[PDB]
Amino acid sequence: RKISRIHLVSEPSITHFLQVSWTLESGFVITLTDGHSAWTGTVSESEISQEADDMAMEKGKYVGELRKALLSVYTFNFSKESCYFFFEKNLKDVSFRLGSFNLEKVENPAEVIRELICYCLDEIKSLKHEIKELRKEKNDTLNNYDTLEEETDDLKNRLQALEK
């Protein structure tokens, strides 16, 4: 998955969180939350095909914009009454949409929020663990390079002393 902070136009004051889980080409789940409510939509490959056909765009580029847009200067839109989500690719004060998706309001949003925070805390734990091994490996590699430099200097010294 990827969790991105976004601002909606209808609510520029606060930060929303866009959680996308999936390659995206084979349909995905998109979740929006403001820390209280949550909206979730499962986008099928069928629904994807119908969006790229309604706007006459290449699959690869379309998914590429999805990939470039959903995982993170794009703008994001969501109406809490119609529950339709869409984003635009902006360029030169000119913009166009990449389809819309329906995000149904979730009955028990606290479950989603809890899961999102747990995911982040688990990720932090995993990254710290990885860093501990990488620190040691980095230090070992620097030490081994120093050893080789000293070993190589010894060889050159022996060659030059040999010459004379």
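Sequential numbering from 1, following the sequence displayed.
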{"query": "Chain break class for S72 to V73, judged by how many deposited residues have no coordinates", "finding": "4 to 9"}
{"query": "Deposited residues lacking coordinates between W22 and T23 (none, 1 to 3, 4 to 9, 10 or more)", "finding": "1 to 3"}
{"query": "26-34 versus 106-114 - which carries the larger mean C-alpha B factor in the record", "finding": "26-34"}
{"query": "Higher-scoring stretch by recorded Cα B factor average, 129-137 or 48-56", "finding": "48-56"}
{"query": "Top residue by Cα temperature factor, when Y119, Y62, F101, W39 are compared in the entry", "finding": "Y62"}
{"query": "B-factor third for the C-alpha atom of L66 within its chain", "finding": "highest"}
{"query": "Assigned third (lowest, middle, highest) for the C-alpha B factor of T15", "finding": "middle"}
